[PDB]
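>>> experimental structure and sequence below.
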Protein chains: 4
Amino acid sequence: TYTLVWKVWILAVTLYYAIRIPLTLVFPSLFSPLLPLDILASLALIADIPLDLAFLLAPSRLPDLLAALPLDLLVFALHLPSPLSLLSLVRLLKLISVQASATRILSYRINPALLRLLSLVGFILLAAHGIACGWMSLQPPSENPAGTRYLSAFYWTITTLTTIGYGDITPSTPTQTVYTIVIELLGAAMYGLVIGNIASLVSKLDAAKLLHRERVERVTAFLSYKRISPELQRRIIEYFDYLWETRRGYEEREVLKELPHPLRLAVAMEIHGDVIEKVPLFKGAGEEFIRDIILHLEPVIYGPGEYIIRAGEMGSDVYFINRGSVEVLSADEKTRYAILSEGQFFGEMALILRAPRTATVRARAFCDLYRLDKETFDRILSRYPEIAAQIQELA
Amino acid sequence: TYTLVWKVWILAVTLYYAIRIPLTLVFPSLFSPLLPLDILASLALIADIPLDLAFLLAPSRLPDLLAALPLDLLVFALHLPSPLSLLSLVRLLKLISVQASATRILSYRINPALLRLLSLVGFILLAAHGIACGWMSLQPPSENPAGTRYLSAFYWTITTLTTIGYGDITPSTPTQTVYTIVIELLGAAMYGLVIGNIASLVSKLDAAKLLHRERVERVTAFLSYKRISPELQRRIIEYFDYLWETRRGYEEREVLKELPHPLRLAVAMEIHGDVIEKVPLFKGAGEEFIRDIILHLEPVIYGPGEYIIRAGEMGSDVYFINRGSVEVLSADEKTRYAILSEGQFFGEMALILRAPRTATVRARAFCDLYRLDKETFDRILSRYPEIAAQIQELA
Amino acid sequence: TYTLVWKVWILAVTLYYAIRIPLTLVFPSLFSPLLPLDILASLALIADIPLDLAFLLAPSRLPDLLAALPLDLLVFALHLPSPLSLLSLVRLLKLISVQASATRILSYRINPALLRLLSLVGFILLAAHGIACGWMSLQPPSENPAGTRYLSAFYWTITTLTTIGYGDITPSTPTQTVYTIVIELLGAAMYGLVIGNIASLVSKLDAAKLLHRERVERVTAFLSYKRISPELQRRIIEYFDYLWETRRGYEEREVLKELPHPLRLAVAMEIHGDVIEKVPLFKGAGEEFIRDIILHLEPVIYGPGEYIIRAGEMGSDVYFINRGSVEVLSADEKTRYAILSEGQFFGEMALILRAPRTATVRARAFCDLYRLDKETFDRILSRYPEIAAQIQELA
Amino acid sequence: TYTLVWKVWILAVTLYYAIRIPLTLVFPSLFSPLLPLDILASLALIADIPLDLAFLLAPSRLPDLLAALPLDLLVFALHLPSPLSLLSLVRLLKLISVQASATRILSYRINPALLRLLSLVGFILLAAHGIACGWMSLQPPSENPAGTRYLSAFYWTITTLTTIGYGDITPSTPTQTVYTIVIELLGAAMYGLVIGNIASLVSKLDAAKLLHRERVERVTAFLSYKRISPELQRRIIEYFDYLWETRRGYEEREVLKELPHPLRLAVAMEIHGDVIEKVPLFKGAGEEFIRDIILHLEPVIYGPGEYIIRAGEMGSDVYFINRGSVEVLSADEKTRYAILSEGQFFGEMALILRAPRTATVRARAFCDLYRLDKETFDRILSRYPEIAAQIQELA
Ligand SMILES: Nc1ncnc2c1ncn2[C@@H]1O[C@@H]2COP(=O)(O)O[C@H]2[C@H]1O
Ligand SMILES: Nc1ncnc2c1ncn2[C@@H]1O[C@@H]2COP(=O)(O)O[C@H]2[C@H]1O
Ligand SMILES: Nc1ncnc2c1ncn2[C@@H]1O[C@@H]2COP(=O)(O)O[C@H]2[C@H]1O
Ligand SMILES: Nc1ncnc2c1ncn2[C@@H]1O[C@@H]2COP(=O)(O)O[C@H]2[C@H]1O
């Protein structure tokens, strides 16, 4: 964590130069009662490229050593004229490296479209400070206090970069006019960048909700063209509502394919944990049979009142309840045998042989259950002859 | 619905404080002939966190009880000085909860990109009121009527937040200059948010139309490279036109997979309702045979004049007409036997055996019909031996 | 086409009212030497809801009959005061219907994102005219000419709706201040709409190019991680370049699935037209064999210098050249047997039996050829016993 | 490269006319000491449509010959009045062709969304020059120097097109007011275009990162609903972190399908180069067996500590290590037999027969290995009987 606390320190130094240099270029009466601080900052900025190396002349390393040799403490100490001392701003090249560090250490828990906006706003304010100092530099010599004429310059630059333009402070000289033109263009560019960043950030703020909305609209639009009843359309709408309320509309089978096989098996083993550990025919088997079965359970959701099994039909599947309730009724739907809930299973008689069903099965709410076929079971039983022999015994 | 009519009430109270507090901070002559109303609002705002609980110190519950204890009726009653009475605006924190409620009760029948825009516009106007009151507060003491100087302040704040900047009202004091700078930045930020929200809302307004347009452009671009006739390109274009006119370009097979199996079966059973309930060989069968067949019918669209069956060839399919018309012609296309329309079927002789066809079949318009193979029929007939035996009898 | 020439007429009438009404409300000296025109327009606007019916009280029909009864010719003829004659602008509701017509008759050959922008710009200019008339109405009575004070009003409204705000024309009265505030908000909203529409239009202007660029970047990014030679990366890059130059990067197999089966068969029959009509073993067969084969040819592209067939190996495929050239070399690549070009084929000996190859085959440029397997050929030959018998004879 | 150096020359000529023509229309005292240059430019611009032809009256060729005949050197030489000499700007139509060339020669190594922005900025500055000259033309006759009144005009046009509007330079005449209105509209349009282009460019700057972020958020959102342990969620998160760090989240199987078969085979042969060239049972085989095997190896990633093979189970696969390390332990995980690293393989005994495993295999870090089944091996061995016979010998 020492790296983190030293990066904050070098940031606090490059934002010390980024506020002191342009403001010293305008007021030379400074730089005397801040020399103990700029010596310290120069030391703490020159003894940082070794440490970075312990982690030359490269396309992404030139700023770090260009912003480290003391161009300052020389132009201010020797009192160089105006055109040649303006290279004292080479220390601000360190800001590039600072940004390049902050865009890769903090980019784990922050939206990449918001960190860019925060960096842009910080750069805009830090450039507005320099623009205010520049505007204040090329003004007629006056006797006003330093803070009043800094306030006027900052007011002018803020009213120019936001494209408001009150007009109470205007150029009065060719040089001021050229400066105003160039920084009018700069302000337009910066405001355009801000608007574009905000538009990008807002445009991608509700993705799952809009995807679910449009895939419901598409289904309803196609479904009305085929002239299907209002009742069944209402059932479909309420199913989509339940899907959005529970799992935000994500499809289980397309979600559980971005995982590699061992993680997918671990997830499946923690989901279908206890359910298959109590099935009367799978007992006596090893862990490889169970692990083979668990990967072939297929999910399906049944709404309220829907039929799962009809009494009399052949049937070949077996169902495991996960997150719902189920009722068992006779062939006439008049006598209720029992009620099954999470963790239990029904239909285990179909795997043994293809005898017709013996009772009717009705969903009481949204069931969210898993099912296993018979051909899949036969294929994955043809490899474990001892188990298949035992099943033949029970048959 | 009582919850809905009480949420509107608490909204009408938090927009009563949001208009009365900043305007009372400027004009102290108020708060005497509005005390019966603010007592009532304070009661109706303190007796709302129990009811919310009947539905503490949580990250999303702190505003509700911070905006409920009467910081008002104390600063105004005891006449606290300017810097310390400004915490009377804690009641405006209730606006967060109000927004958080309106974004989850009304988010069922409203585009999520439009509710955010409406909330943003409401917040912008409600903040412009407060900014106008703030600007009017730090002005020199004058004798003008209260409404004229409220009109001037509102005019200034509206001409600043829209980034127009006429310039007839400008700062004339350091404090006014600092206030103007900060709210120039606020106005730029708000206008950027508005533009970004509008851009996001507009960018996603024609999705199906643009998707259809680009998937037609891609087909034509690829299709010209292979040097294919203008006639067949015109046929493809008119097919895509018909598809867009009828079902907005949605593909039937990719649409009918977002449904679970029972809903998909219900949809198919209501689509292919009567058609298979009159087929001469499927009669005598149960409901499971029909329900098995219905899930294996495959859609296909035939344009005008196209050939569906050629006289003499082997053939193995059977076709059910859904939304079109069909004509039956002899081997020489000279004598018209009959005309079939919606609900009827042809080609049933191919399922029994592989004898060559007996007549030619021509589409009269866009047919939009369903078809069943023979290998699929054989696979799904190998499980119902009684039916297969009867088919063997008819063969 | 008479409908098209009459819709233009009703557009020219609703843009006659949309320019005459607000300008007459300000200058009452008009409406005398334009009565023969507004009578004609009223007739041509009342005798248009029957014709629309030949193509009441509906949610999308109320404007058509609200904008048809003569509220005009009554307020101007009886000289109604200012607050009550302002309902003369009900005729501008016809603009909604006009827009609703122009958005569905011209929406076939125009980008839907550009028609909306053109409509928005037209509405903005037509509203700016009315705003200028409104501003000119509530001004002090002056003696200036009508065109000079219309020019000043139009200048003010254009400098307000574009958010420029020069400030040389400003309010000077409470009513003018309220008007200015409301239309400052209107101008901000309109400029936001314009910017959002332009952003949407520009954001979707190069789709295929960006898709190809990103799918090349993804391939190269993954391909460098596996540490694969610069030569083969250059070959992949030049293959993608050739694909983009010829068919804009579109994949043949994913393109040729948006067509229904008869159109897909027609496309395939026009592509592989002559090639299979000269193959020595397929001769003597009917049209159904050819039509069955044509649907199972699979495309593949070979770059320059690549090997297609190695002398000595078993091999099972047959290749048809479509858009390239091929050379045939001996086992030592020293003696060049022959050169094949578009329309010819090689490898036909593999279908008869699985004898080893007899010569080497090299691509001379990007070949763009089609291939047929052997198992597919065997499956689709097992249904036509006469042909399979003849092949057995040649074997 | 001569074409490249001549296109730069014609660009430097069309940006010579684009700066000289409007500035000469205002100051007639020019055009005498620049005739040797405009004669040269006219020659170098008329002798460029033959060379373009060596690479008429076409929809995309009309500018090239409209901007080549000397409308200049005639209006300036004969001193034509103001309304008729304004067609001297036909030479600026050459800018269209120049842009149309620069958008297709430099569009290989530049983002298409950035070249458009650079072209737009260049056009905006070049139009601002002309707008400044136009504004300076219709001003009262003054005695000021030419550069001061060019500076004022450029200042006015820049403060108008950026929508700032200081207001210190304003119209003072009907013609100036009309000019100001039209170019206020132009400036609003240009600023809207700039903002839209910037928004489009920024909106698509982090695609892979956002895709990875959202596909991790979807997995975690679905994964919490099933109530799965924090440990396994942490394992999934760290797996996704490793995937992003190594290959930017790209899936190997969906990446390696955009290549044609020969390039895919070349890539696979360079990846699995040495590994299969040392396998004890595959030795003695030819190149076609290896080339057949290499296309059926399937990738899989194992995290640290995960189990790859359990001692005692049947097993049927064989694994090749690519970019990781593996340890071999006994049945009790107490004695470490050996350590395998990149280039080696384990599990080769399962292909010979289905005997149970003999040792446990544990990942030490993220392994990134390839695996081969047994049924696939059996299918692709049933075609090479000599190899299958040798395997039967070793079995
Ligand atoms: N009395 C009962 N209590 C609970 N479940 C039952 C009862 N009778 C039948 N079932 C279940 O209902 C199923 C319907 O027929 P199956 O042959 O699929 O197997 C049956 C059992 O799983
Ligand atoms: N006279 C007829 N009227 C209606 N349909 C017919 C007639 N003759 C043949 N068909 C249908 O046309 C089909 C063409 O040959 P099939 O063997 O497919 O079965 C035939 C019947 O379905
Ligand atoms: N002399 C030749 N001229 C043209 N093509 C040939 C010649 N010899 C062989 N081929 C083709 O090259 C193929 C290579 O071996 P096949 O058995 O696939 O069948 C061969 C023919 O199609
Ligand atoms: N002593 C050993 N050193 C290295 N690898 C081994 C050793 N013993 C077994 N293995 C490998 O571990 C595998 C586990 O059982 P298999 O039958 O798959 O084949 C085995 C060999 O590939």
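Yes, it's here. Numbers count the residues shown, from 1 in each chain, chains lettered A, B, ... in the order given. Ligands and ions are numbered 1, 2, ... in the order given.
>>> list the contacts for the nearest residue to residue A:270 once chain neighbours are set aside?
With C-beta to C-beta, 6 or more residues apart in numbering or on different chains as the criterion, residue A:270 has its nearest non-adjacent residue at 5.3 Å, and that residue is residue D:228. In short, each C-beta sits where N, CA and C put it, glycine included. Residue D:228 is in contact with A:267, A:270, A:271, counting by C-beta atoms under 8 Å, 6 or more residues apart in numbering or on different chains.
>>> residue A:170 too?
Residues A:180, D:166, D:168 are the ones in contact with residue A:170 under the rule C-beta under 8 Å, 6+ apart.
>>> hmm, who's touching stretch A:286-298?
By C-beta under 8 Å, 6+ apart, the residues outside stretch A:286-298 that reach it are A:264-265, A:268-269, A:272, A:276-277, A:282, A:320, A:370-373, A:376-377, A:380, A:384, A:387, D:313-314.
>>> drop anything exposed from those.
When neighbours are counted using 16 or more other C-beta atoms under 10 Å in any protein chain shown, the contacts of stretch A:286-298 contain these buried positions: A:268, A:269, A:272, A:276, A:282, A:320, A:370, A:372, A:373, A:377, A:384, A:387.
>>> rewinding a little: give me the subset of the contacts of residue D:228 lying in helices.
Among the contacts of residue D:228, DSSP state H puts A:267, A:270, A:271 in helices.
>>> hmm, stretch A:87-101 touching chain D?
No - residues of stretch A:87-101 contacting chain D under C-beta under 8 Å from any C-beta of the partner chain: none, with a closest distance of 15.2 Å.
>>> residue of the stretch 1-150 of chain A with the smallest distance to ligand 1?
Taking C-beta to the nearest ligand atom as the measure, the stretch 1-150 of chain A has residue A:109 as its residue closest to ligand 1, at 49.3 Å.
>>> name the SS class of that residue, please.
Each residue gets one of three states, and residue A:109 gets coil by DSSP: H, G, I helix; E, B strand; the rest coil.
>>> confirm residue A:328 sits in a strand?
Yes - the assignment for residue A:328, made by three-state DSSP, places it in a strand.
>>> so who does it touch?
Residue A:328 sits next to A:336, A:337, A:338, A:339, A:340, A:346, A:359, A:360, A:361, A:362 when contact means C-beta under 8 Å, 6+ apart.
>>> between the two ends of stretch A:327-340, how far is it?
Using C-alpha to C-alpha, to the nearest Å, the end-to-end distance of stretch A:327-340 comes out at 6 Å.
>>> chain center to it: distance?
Averaging C-alpha positions (C-alpha atoms, centre = their mean, to the nearest Å) puts stretch A:327-340 48 Å from its chain's average.
>>> wait, what's in contact with the most centrally placed residue in chain A?
For chain A, the residue nearest the mean C-alpha position is residue A:111 (5.4 Å; C-alpha atoms, centre = their mean). Shown in contact with residue A:111 (C-beta under 8 Å, 6+ apart): A:201, D:213.
>>> swap in 10 Å and give it another go.
A:117, A:201, A:204, A:205, D:206, D:209, D:210, D:213 (C-beta atoms under 10 Å, 6 or more residues apart in numbering or on different chains).
>>> can you check residue A:174 too?
Contacts were defined as C-beta under 10 Å, 6+ apart; by that measure residue A:174 touches D:147, D:148, D:151, D:152, D:155.
>>> once you drop chain neighbours, what's closest to the last one?
Spelled out, that is residue D:155. With C-beta to C-beta, 6+ apart as the criterion, residue D:155 has its nearest non-adjacent residue at 5.2 Å, and that residue is residue A:177.
>>> make TSV from the contacts of residue A:174 and add secondary structure to it.
Supplementary listing: the contacts of residue A:174 in TSV, determined by three-state DSSP:
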residue	secondary structure
D:147	helix
D:148	helix
D:151	helix
D:152	helix
D:155	helix
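>>> among those residues, name the buried ones.
When burial is judged by neighbour count using 16+ other C-beta under 10 Å, the buried members of the contacts of residue A:174 are D:151, D:152, D:155.
>>> now the first one: how far from residue D:144?
Which is residue D:151. 10 Å (C-beta to C-beta, to the nearest Å).
>>> before we move on, back to that, following the one helix or strand the residue nearest to residue D:155 maps to, which helix or strand comes up?
Assessed by DSSP states H and E, residue A:177 sits inside helix A:174-203. Elements were assigned by DSSP H and E; along the chain past helix A:174-203, the next helix or strand is helix A:208-225.
>>> how about residues contacting that next one?
Applying C-beta under 10 Å, 6+ apart, the external contacts of helix A:208-225 come out as A:204, A:206, A:228, A:230, A:232-233, A:236-237, A:240-241, A:243-244, A:248-250, B:107, B:111-113, B:204, B:207-208, B:246-248, B:250-252, B:254-256, B:258-259, B:267, B:271, B:323, D:214, D:217-218, D:221.
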